[PDB]
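In the text below, chain A, chain B and the rest are named by the order of the sequence lines, each starting its count at 1. As the structure lists them, so they are numbered: ligands from 1, and atoms in each ligand from 1.
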Amino acid sequence: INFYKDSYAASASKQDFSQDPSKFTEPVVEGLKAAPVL
Amino acid sequence: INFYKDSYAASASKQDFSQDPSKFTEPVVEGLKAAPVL
Amino acid sequence: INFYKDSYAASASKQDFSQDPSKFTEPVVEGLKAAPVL
Amino acid sequence: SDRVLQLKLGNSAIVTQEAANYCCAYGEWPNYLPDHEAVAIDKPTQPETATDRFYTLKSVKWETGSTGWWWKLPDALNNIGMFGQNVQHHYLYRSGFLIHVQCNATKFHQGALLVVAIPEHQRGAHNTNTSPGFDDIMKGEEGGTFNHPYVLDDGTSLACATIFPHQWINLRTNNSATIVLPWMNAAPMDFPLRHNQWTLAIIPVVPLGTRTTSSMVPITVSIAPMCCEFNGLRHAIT
Amino acid sequence: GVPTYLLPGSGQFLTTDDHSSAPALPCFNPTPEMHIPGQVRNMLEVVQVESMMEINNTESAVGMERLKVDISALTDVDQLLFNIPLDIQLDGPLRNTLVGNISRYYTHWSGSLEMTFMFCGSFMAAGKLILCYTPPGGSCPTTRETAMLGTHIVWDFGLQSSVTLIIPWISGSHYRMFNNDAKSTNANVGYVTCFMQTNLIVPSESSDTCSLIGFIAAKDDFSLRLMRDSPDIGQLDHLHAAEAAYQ
Amino acid sequence: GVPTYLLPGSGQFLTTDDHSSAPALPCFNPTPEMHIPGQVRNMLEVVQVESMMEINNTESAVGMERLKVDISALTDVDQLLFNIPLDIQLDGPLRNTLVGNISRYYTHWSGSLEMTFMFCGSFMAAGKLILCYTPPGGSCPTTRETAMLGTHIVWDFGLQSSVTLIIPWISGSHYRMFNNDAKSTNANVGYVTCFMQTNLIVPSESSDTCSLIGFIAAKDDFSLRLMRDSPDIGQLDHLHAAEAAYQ
Amino acid sequence: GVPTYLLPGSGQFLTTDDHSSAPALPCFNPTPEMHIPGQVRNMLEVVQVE
Amino acid sequence: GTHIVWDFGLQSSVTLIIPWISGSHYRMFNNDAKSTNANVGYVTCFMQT
Amino acid sequence: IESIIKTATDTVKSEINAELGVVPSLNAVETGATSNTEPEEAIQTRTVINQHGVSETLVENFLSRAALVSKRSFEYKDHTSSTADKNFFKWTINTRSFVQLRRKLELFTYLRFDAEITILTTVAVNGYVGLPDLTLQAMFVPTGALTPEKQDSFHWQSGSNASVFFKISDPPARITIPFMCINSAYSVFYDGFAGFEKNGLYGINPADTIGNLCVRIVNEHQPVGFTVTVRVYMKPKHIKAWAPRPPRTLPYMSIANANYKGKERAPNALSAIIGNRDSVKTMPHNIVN
Amino acid sequence: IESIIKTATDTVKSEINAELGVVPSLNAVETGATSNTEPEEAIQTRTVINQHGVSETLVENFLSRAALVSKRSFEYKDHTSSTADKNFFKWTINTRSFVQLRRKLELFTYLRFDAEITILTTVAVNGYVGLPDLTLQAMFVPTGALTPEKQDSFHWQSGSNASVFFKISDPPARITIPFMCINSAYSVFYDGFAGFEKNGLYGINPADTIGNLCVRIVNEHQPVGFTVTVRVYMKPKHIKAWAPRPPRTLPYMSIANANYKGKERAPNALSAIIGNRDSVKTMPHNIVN
Ligand SMILES: CC(C)Oc1ccc(C(=O)Nc2cccc3c(-c4cnn(CC(F)(F)F)c4)ccnc23)cc1
Ligand SMILES: CC(C)Oc1ccc(C(=O)Nc2cccc3c(-c4cnn(CC(F)(F)F)c4)ccnc23)cc1
């Protein structure tokens with residue numbers, strides 16, 4: 001329920017289930033295989 | 001939300017994005033070119 | 001907005017623009033012309 | 001091509017050879033009152049060329065100490081020609097104005113006049129609680145002089161006056177200014193003797209200077225009412 | 001439940017509000033409607049009816065004598081007979097009229113007024129009058145040659161007893177104010193004046209003095225705005241028997 | 001009935017709220033609209049109008065003398081003539097301008113400024129100036145060879161009386177703040193400086209000293225944010241006749 | 001008007017509530033979004049880092 | 001009356017038109033200069049600035 | 001002829017006339033018709049497109065605003081020794097006691113409307129300890145029902161009377177009373193007598209009798225006394241109105257009749273309603289410059 | 001030419017120029033037009049896609065925030081011996097008394113708007129026993145209506161005046177007043193005189209007269225005195241605005257006029273609006289490292 005004119009007035013947006021943990025776990029230019037890493 | 005009978009009761013009208021600054025910046029009878037003004 | 005069951009509960013009826021001033025200005029059996037009245 | 005201008009209205013014409021375009025205030029032109037905006041129901045008199053013509057006021061001397069000059073419309077014209085007679089015989093008036101301001105000097109002179117038309121130029125007094133009186137405001141043809149042009153005699157500022165319709169006379173560049181004013185009022189007509197729609201102001205922001213031999217340098221004001229209408233025919237207040 | 005919040009103005013009693021409210025007598029059946037003569041639906045219907053001006057609002061006119069103006073034969077040409085103040089707000093001839101009393105419930109007004117005059121001399125009385133409206137801006141005219149320059153009707157007495165002077169709506173603004181400042185440029189209407197155009201001429205057996213009755217109404221271009229309590233009524237005390245309503 | 005509950009903020013008077021509210025005068029008819037010249041709909045239309053800078057904000061310049069800069073013939077090459085502080089928040093030449101006064105109702109600003117200078121010497125006066133904008137980060141330049149490295153226009157006097165220096169919007173952030181800390185990296189704009197490019201050269205019968213008028217405006221890339229009470233006005237007392245409004 | 005009644009919990013400040021509320025700065029335009037490296041959307045992305 | 005305001009400049013000359021404003025079709029070359037069939041009125045020059 | 005009128009009439013342009021046998025400015029008042037002279041007939045007019053609305057003079061808008069009809073103060077205290085409204089009062093419902101609403105209603109002969117009733121209550125300490133939040137009961141007692149004799153009488157159990165219970169800390173209590181005349185319209189004026197004998201009241205139509213409003217404090221008295229004041233407002237709504245009347249000029253004397261005296265001198269004296277000017281030739285506020 | 005503008009303008013990339021007869025940085029201020037030089041003409045630019053909104057500088061947003069227009073304190077007490085606002089006050093409605101709203105409104109020559117009115121009331125005990133929950137009445141008295149002379153005068157019965165009754169424990173009372181000028185716009189400035197004689201007020205358009213706000217406490221006085229303060233806020237809405245004006249620089253002197261004195265020294269002195277620097281060559285906050 002939002003009757004205010006500015007969209008920043010609205011309630012919180014709890015729906016963004018997108019993740020990409022590999023930008024923090026695997027920032028390696030060549031991806032790991034399942035396999036000697038080095 | 002306006003259940004009042006008189007339209008002057010309503011909330012503010014923040015939607016008129018029409019501008020014409022040339023009535024204040026360029027009230028010259030012959031318009032300027034991009035070009036010696038005089 | 002009227003959720004009451006009796007119609008006399010409702011808000012005022014400000015919409016009757018019908019007029020007939022001639023019942024007070026001209027209650028003459030023979031109408032005036034634009035023309036000696038008598 | 002935009003330096004030479006001829007203005008012709010009724011039996012009067014003005015030519016200038018050193019204009020700088022001309023201003024149409026707010027991009028408007030004068031027009032007669034349309035029926036969808038009319039209030040007073042009597043048929044108006046529209047005298048046309050009898051009123052819609054240039055009237056030339058008394059010239060003022062631009063001198064080194066000059067603070068500037070002002071004239072109020074319609075007041076400055078209310079006693080002049082057939083315009084004045086219609087003003088005196090009618091309760092209601094409406095018109096635009098064509099304003100032409102004239103000042104020439106030699107190529108060895110310098111000086112700049114701001115020529116500005118101020119709508120509803122409600123004056124203040126200086127250093128008092130008492131409001132300006134009738135004789136402070138109503139000057140007629142002679143007009144007044146600025147007390148404090150730097151605040152426009154109204155606690156405001158000269159520097160921001162370019163928000164109003166204006167030209168400059170810069171003696172280096174041009175010898176005349178022209179401003180065309182529409183009807184500028186909240187009501188469609190007015191009583192001409194108790195309210196002024198427009199004040200013409202001429203302020204010497206750069207003072208007159210030369211090292212040639214001095215001459216009197218007058219400034220001359222010519223004003224044509226445009227699309228004059230009058231309603232409520234009466235005897236003359238006069 | 002529904003999430004809500006209260007605004008400013010919650011719980012106020014505004015006397016001009018317009019809401020439904022709880023019916024105290026459920027299932028009540030009002031009496032059937034019956035046709036009655038003379039339904040009024042807009043108060044502008046009432047001010048369009050002409051009613052008598054109290055033009056002779058002078059000391060030594062008592063009661064009904066205040067509703068007539070007496071005219072006599074004169075021996076000087078073009079004399080002033082009477083004038084009428086046009087302020088509806090100030091206490092003049094126009095106040096106690098239908099247009100007057102209704103308009104004083106309002107603050108703004110616009111549109112034309114009609115004045116009608118009925119000549120009540122004998123059949124043998126003759127004469128011509130000039131009735132002049134002067135738009136505002138100067139003093140009320142005192143000579144016929146000045147008044148003649150405004151809106152006027154020249155009235156010849158005859159078989160038709162009455163003329164109307166239309167007072168046209170000549171105004172700078174859309175409306176005028178019922179302003180206690182009568183000289184205000186938003187309020188002043190100007191003047192009505194009556195002069196002899198010729199003379200009242202009567203034979204020996206007619207009465208030498210004859211009467212005018214003056215009436216005013218609004219025309220149907222007339223409009224009223226901004227409702228107010230009328231200054232024509234008030235009380236400083238309880239009315240008699242008002243207390244006895246509690247006993 | 002409807003089940004409801006009240007939230008936090010119920011019953012508050014927020015001065016920037018936007019709701020409908022009860023009309024005190026039912027059935028009121030406002031005066032018909034009339035066309036008036038000069039409707040403004042966005043305040044950005046006003047700041048795009050050029051207005052005079054008070055560049056000569058010095059003791060011994062009185063009134064109108066503060067709106068002009070006087071230029072004289074020099075005998076040394078490439079001299080500094082004047083500089084212009086660019087803080088709109090602090091009390092400098094830009095404050096009492098259309099762009100200045102409107103912007104001070106706001107806290108954030110972005111976009112380009114135009115400065116125009118009109119030469120008001122005689123027709124016989126000649127000369128070239130260089131007008132330089134320095135992006136922030138160091139001191140204001142005092143020599144033409146340093147100022148020349150910023151954004152500049154070289155101005156020749158001639159039949160066209162005026163040049164514009166565009167001050168381009170060069171900023172790390174989307175906006176700047178009207179910050180009383182003038183040295184803040186979120187607020188400082190840099191400098192404008194004027195030098196002689198050649199000289200003011202005049203004949204004997206022209207005045208030896210000539211004036212510039214400087215103007216500023218916003219361009220149409222200009223934007224304002226976060227409205228605030230302007231520091232340009234205040235009162236410590238009731239105004240005169242304010243009490244008399246209650247009497 | 002609408003007939004209403006207030007429930008238990010009317011007028012409480014629960015710190016984990018989720019409602020719209022009155023915007024103090026009407027017509028405000030926030031700064032355009034810019035791409036920044038390293039957006040986190042779920043804290044489970046962080047605990048997966050050793 | 002009918003007038004032209006004249007600014008000196010590159011064009012050296014102005015014309016004042018004297019329009020034919022007459023009650024009759026013609027005027028007479030009458031030695032009576034004050035005759036209503038002959039008098040044309042006046043031309044005058046003033047300083048504008 | 002009936003028509004829908006939302007705005008004031010337009011003006012057409014008019015020319016010069018000079019027609020024999022046509023005299024639109026002449027009229028005959030003796031017929032009883034008002035003058036039909038138009039402005040286009042009396043003067044030369046321009047065209048005016050008239051946009052002025054006429055909604056504010058609708059009878060519905062003119063009458064349907066809330067006006068005070070009853071105001072009563074009484075002592076909320078231990079009344080065991082008093083002579084008095086002993087924590088309650090009875091009001092015989094009328095609309096004639098407050099002159100602003102009375103005069104507007106009396107512009108009409110017959111009125112049919114529903115009545116919106118607003119009850120405003122206020123309390124002060126008698127000559128301070130704070131103000132108590134009392135509960136009040138308003139009970140409508142129609143014709144022939146028994147009115148309460150005491151604050152605690154069993155009449156207040158209200159088995160079939162409409163009662164409203166309301167707090168002082170509430171908004172004002174509000175109910176609508178339906179149009180309840182036994183005729184199709186209330187008689188605002190009544191040229192008749194209430195009974196079949198000759199001794200009945202003049203000027204009151206029995207058909208218009210509403211009944212009684214009885215108001216008590218429901219709380220037992222406190223150890224200290226308070227003054228309670230009750231204000232009743234009526235707003236007519238859904239209004240029909242017939243036969244407009246000349247307005248009241250003289251001050252009202254009584255709620256029971258139209259009796260009149262006038263002010264001692266003008267304005268609104270019996271001999272002179274309008275204030276005097278020196279002569280019919282005197283312009284009282286004449287503009288002089 | 002009129003167009004819809006929601007965001008600030010984009011910048012196009014620009015190259016080197018070197019064209020004879022084309023001088024976009026030269027201008028003619030004497031025409032009265034503002035400089036039309038674009039940044040692409042003055043310097044080499046990049047492309048910038050500009051996303052900055054312009055909604056916050058809309059006249060509607062710039063003006064439509066609630067501002068204090070009236071503040072009045074009075075004694076709520078037994079006034080039988082006082083000389084004073086005896087439990088009520090009258091205010092002649094104006095918008096010139098508080099300088100923040102006044103200065104913003106005076107950026108324009110003509111304004112047309114509806115007025116949202118908020119009334120905030122507060123109470124303190126006179127020099128403690130708790131604060132009473134009073135009922136107040138605000139009554140709008142238009143031009144030519146009679147104002148109340150006393151707290152208990154019959155003017156307050158409000159037969160046709162708009163009144164709002166409100167408690168101190170309520171939220172602030174709120175009503176909208178329609179745009180009620182007799183012209184199409186209010187005259188913010190008025191270069192004229194109010195009357196047909198010469199003695200009328202300068203600078204006030206009679207067309208803009210609103211009327212009077214009369215505010216009483218409805219409760220009878222208590223045995224102890226309180227100070228009540230009323231604050232009135234106006235918010236313009238549905239705004240049209242014409243002919244922008246140079247802003248006020250000098251302090252206001254009066255609500256009745258534009259009279260001016262200035263501060264004794266800069267800033268906003270009559271001789272010097274901007275504060276002084278040592279010379280035209282002095283950079284006052286120059287960065288030095
Ligand atoms: C206790 C609650 C549940 O019930 C209540 C019931 C009634 C009230 C109350 O006070 N009602 C009223 C007060 C004053 C007048 C009236 C009239 C009326 C008088 N005369 N006329 C004709 C006219 F106008 F032409 F004269 C119409 C009709 C109905 N009610 C009235 C208050 C409360
Ligand atoms: C009692 C209740 C039912 O009714 C009420 C009615 C009114 C108020 C109240 O305080 N109203 C107001 C207070 C202050 C100013 C105004 C203006 C206004 C003044 N000037 N202007 C033109 C401008 F801006 F250009 F100068 C517009 C117009 C209408 N109202 C105003 C409070 C309550």
Side-chain angles (χ1 to χ4, degrees), chain E residues 12 14-16 22 24-25, chain F residues 22 24-25, chain I residues 63 69-70 91 93-97 101-102 104-106 108-119 137-142 158 161-165 173-181 185-189 205 208-215 232-234 236, chain J residues 63 69-70 91 93-97 101-102 104-106 108-119 137-142 158 161-165 173-181 185-189 205 208-215 232-234 236:
Chain E
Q12 82 195 351
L14 174 69
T15 58
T16 59
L25 303 180
Chain F
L25 303 180
Chain I
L63 292 179
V69 286
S70 170
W91 181 54
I93 294 162
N94 71 88
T95 205
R96 310 305 170 123
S97 298
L101 177 65
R102 187 187 182 169
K104 291 171 68 190
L105 294 172
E106 287 182 8
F108 309 92
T109 301
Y110 304 117
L111 288 177
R112 181 195 179 100
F113 59 83
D114 310 303
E116 185 161 283
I117 303 299
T118 308
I119 306 171
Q137 178 182 1
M139 187 169 67
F140 175 45
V141 182
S158 200
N161 294 334
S163 285
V164 63
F165 291 87
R174 182 176 281 175
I175 74 286
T176 300
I177 309 308
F179 178 68
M180 65 159 52
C181 189
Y186 300 117
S187 307
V188 188
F189 290 88
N205 191 340
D208 300 343
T209 307
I210 311 301
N212 290 292
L213 179 62
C214 303
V215 182
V232 185
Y233 300 78
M234 178 182 70
Chain J
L63 292 179
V69 286
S70 170
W91 181 54
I93 294 162
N94 71 88
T95 205
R96 310 305 170 123
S97 298
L101 177 65
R102 187 187 182 169
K104 291 171 68 190
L105 294 172
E106 287 182 8
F108 309 92
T109 301
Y110 304 117
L111 288 177
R112 181 195 179 100
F113 59 83
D114 310 303
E116 185 161 283
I117 303 299
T118 308
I119 306 171
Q137 178 182 1
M139 187 169 67
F140 175 46
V141 182
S158 200
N161 294 334
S163 285
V164 63
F165 291 87
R174 182 176 281 175
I175 74 286
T176 300
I177 309 308
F179 178 68
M180 65 159 52
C181 189
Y186 300 117
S187 307
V188 188
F189 290 88
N205 191 340
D208 300 343
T209 307
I210 311 301
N212 290 292
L213 179 62
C214 303
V215 182
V232 185
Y233 300 78
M234 178 182 70

Heavy-atom nearest neighbour of [atom] within options [options]:
{"atom": "atom 4 (O) of ligand 1", "options": "I/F165, I/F179, I/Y233, I/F140", "answer": "I/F140"}
{"atom": "atom 5 (C) of ligand 2", "options": "J/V188, J/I117, J/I177", "answer": "J/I177"}
{"atom": "atom 24 (F) of ligand 2", "options": "J/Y186, J/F113, J/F189, J/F108", "answer": "J/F113"}

Please could you name the atoms of ligand 1 that [X] approaches to less than 4.0 Å, counting only its heavy atoms?
{"X": "I/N94", "value": "14 (C)"}
{"X": "I/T95", "value": "20 (N), 24 (F), 26 (F)"}
{"X": "I/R96", "value": "26 (F)"}
{"X": "I/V232", "value": "10 (O)"}
{"X": "I/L105", "value": "24 (F)"}
{"X": "I/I175", "value": "2 (C), 5 (C), 33 (C)"}

Any atoms of ligand 2 less than 4.0 Å from a non-hydrogen atom of [X]? List them with their elements.
{"X": "J/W91", "result": "10 (O), 13 (C), 14 (C)"}
{"X": "J/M234", "result": "15 (C), 16 (C)"}
{"X": "J/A138", "result": "1 (C)"}
{"X": "J/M139", "result": "1 (C)"}

Where the side chain of [X] meets the backbone of [Y], is there a donor-acceptor pair that is under 3.5 Å apart?
{"X": "E/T16", "Y": "F/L25", "value": "no"}
{"X": "J/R102", "Y": "J/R96", "value": "yes"}
{"X": "I/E116", "Y": "I/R174", "value": "no"}
{"X": "I/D208", "Y": "I/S187", "value": "yes"}

To which protein heavy atom is [atom] closest, and what is the distance rounded to 0.1 Å?
{"atom": "atom 3 (C) of ligand 2", "answer": "J/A162 O, 3.6 Å"}
{"atom": "atom 17 (C) of ligand 1", "answer": "I/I210 CG1, 3.8 Å"}
{"atom": "atom 31 (C) of ligand 1", "answer": "I/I93 CG2, 3.5 Å"}

My understanding is that only residues two or more places apart in sequence, or in another chain, count here; which of them pass ring pair (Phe, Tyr, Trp, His ring centres under 6.0 Å) with I/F140?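 Listed in chain order: nothing, the list is empty.
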Among all residues two or more places apart in sequence or in another chain, which pass the ring pair (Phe, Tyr, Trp, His ring centres under 6.0 Å) test with J/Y233?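 Expected list: F/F13.
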According to the interplanar angle, ranging from 0 to 90°, do the rings of I/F113 and I/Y186 count as parallel (below 30°), tilted (30 to 60°) or perpendicular (above 60°)?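 Tilted: the ring planes of I/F113 and I/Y186 meet at 30° to 60°.
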As a test of understanding, state which of I/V215, I/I93, I/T118, I/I117 forms a side-chain contact (heavy atoms from CB on, under 4.5 Å) with I/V232.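 Result for side-chain contact (heavy atoms from CB on, under 4.5 Å) with I/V232: I/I117.
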For J/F189, look at atom CZ and say whether over 12 heavy atoms of other residues, nucleotides or ligands are found less than 6.0 Å away.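 Yes, enclosed.
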For J/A185 and J/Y110, work out which heavy atoms get closest and say how close.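 Residues J/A185 and J/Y110, closest heavy atoms: CB-CB, 3.9 Å.
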